[PDB]
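A short write-up of the structure that comes next.
Residue numbers (my numbering), protein chains in the order written: chain A, 9 to 59; chain B, 2 to 102; chain C, 2 to 102.
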């Protein structure tokens, strides 16, 4: 994903331990407006980032 | 891909675990306009990048510029009031010393 | 390629898993105008680069410059109004003290 620029969404299904139902759940709730979800989405190593 | 500059699309098919149908699916949905797809396409290690981080940056800089403009505006208003009162008092003193005869 | 500066195109054929037909296909479709091909050609680790990141950068800087110009414009309007009223009051005071006779 970092070098060849593959779409990460397609690479989610190839990771062991994650099923396609979990992939769909991640897809539906990727950009939720909850504060926790937003902080996790913009999580820098030194705490939350973004807005 | 990094050093020899090979086309990455041709190198997708050589990676084990990815078939040519999956390669075609990646090709067709590479530049989708969905927010999730765009965030994944511009994914920096510290969260999404691209226009998503640009919006945050411009909002922050605009807020800072607006605050600086507000303080400059109040400074200019104070300067204008000071100049107005100074001119008024100077004119009053000049006319007061002129009337005396 | 990085140190001795060998031509990378000649080194593509020596990499196992890539045939000369694939090398020709890479040669013909290296600089395609497709958005996906251009993004892959300018792929930085933190998402696409090249003109795609340049557009984001120029949009951000243009928005910041526009906000700064807006605050400067309102400051200039306030300064112009202050100068206008100061000149008006100065002329009024001068004519008022001149009429007195």
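Even for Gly, the Cβ is constructed at its ideal location relative to N, Cα and C.
#1: For residue 23 of chain A and residue 33 of chain A, I'd like the C-alpha separation in whole angstroms.
#2: Measuring only the C-alpha atoms, how far is residue 19 of chain C from residue 13 of chain C?
#3: Using 8 Å as the cut-off, can you tell me whether the stretch 68-76 of chain B makes contact with the stretch 41-52 of chain A, which would need three or more C-beta pairs spanning the two stretches below that distance?
#4: Using DSSP with H/G/I as helix, E/B as strand and the rest coil, what is residue 38 of chain B?
#5: Please tell me whether residue 4 of chain C has its Cβ less than 8 Å away from any Cβ of chain B.
#6: Less than 8 Å between C-beta atoms, sequence neighbours within five positions excluded: which residues of the same chain meet that for residue 50 of chain C?
#7: Is there a C-beta anywhere in chain A that falls below 8 Å from the one on residue 12 of chain C?
#8: In the DSSP output, which residue or residues are listed as bridge partners for residue 44 of chain B?
#9: Use the C-beta contact count for residue 1 of chain B: other C-beta atoms within 10 angstroms, 16 or more gives buried, fewer gives exposed.
#10: When you compare the CB of residue 47 of chain B with every CB in chain A, is at least one pair closer than 8 Å?
#11: So residue 90 of chain C and residue 81 of chain B are supposed to be a Cβ contact under 8 Å. How far apart are they, rounded?
#12: What in chain A is Cβ-close to residue 41 of chain C, meaning under 7 Å?
In short, the structure shows the following:
#1: The sequence position of residue 23 of chain A within the first chain is 15, counting from 1. The sequence position of residue 33 of chain A within the first chain is 25, counting from 1. Cα to Cα, residue 23 of chain A sits roughly 15 Å from residue 33 of chain A.
#2: Taking the first residue of the third chain as 1, we reach residue 19 of chain C at position 18. Taking the first residue of the third chain as 1, we reach residue 13 of chain C at position 12. Approximately 7 Å, taken between the alpha carbons.
#3: no
#4: Residue mapping note: residue 38 of chain B aligns to position 37 of the second chain, counting from 1. Of the three classes helix, strand and coil, the one that applies to residue 38 of chain B here is helix, per DSSP.
#5: One-based indexing of the third chain puts residue 4 of chain C at position 3. Chain B contact via Cβ: absent.
#6: Counted from its first residue, the third chain places residue 50 of chain C at position 49. The answer, listed in chain order, is 43, 44.
#7: Here residue 12 of chain C is taken as the residue at index 11 of the third chain, counted from 1. It does not; no Cβ of chain A falls within 8 Å.
#8: Looking up residue 44 of chain B in the second chain gives position 43. In the DSSP output, where bridge partners are listed per residue, residue 44 of chain B has B:49.
#9: Nothing about residue 1 of chain B can be read from this structure; chain B reaches only from 2 to 102.
#10: If you number the second chain from 1, residue 47 of chain B lands on position 46. So yes, residue 47 of chain B belongs to the interface.
#11: As a first step, residue 90 of chain C must be located in the third chain, where it is residue number 89. As a first step, residue 81 of chain B must be located in the second chain, where it is residue number 80. Contact flag wrong, Cβ pair sits at about 12 Å.
#12: As a position in the third chain, residue 41 of chain C is number 40, starting the count at 1. Under the 7 Å cutoff, chain A gives 13.
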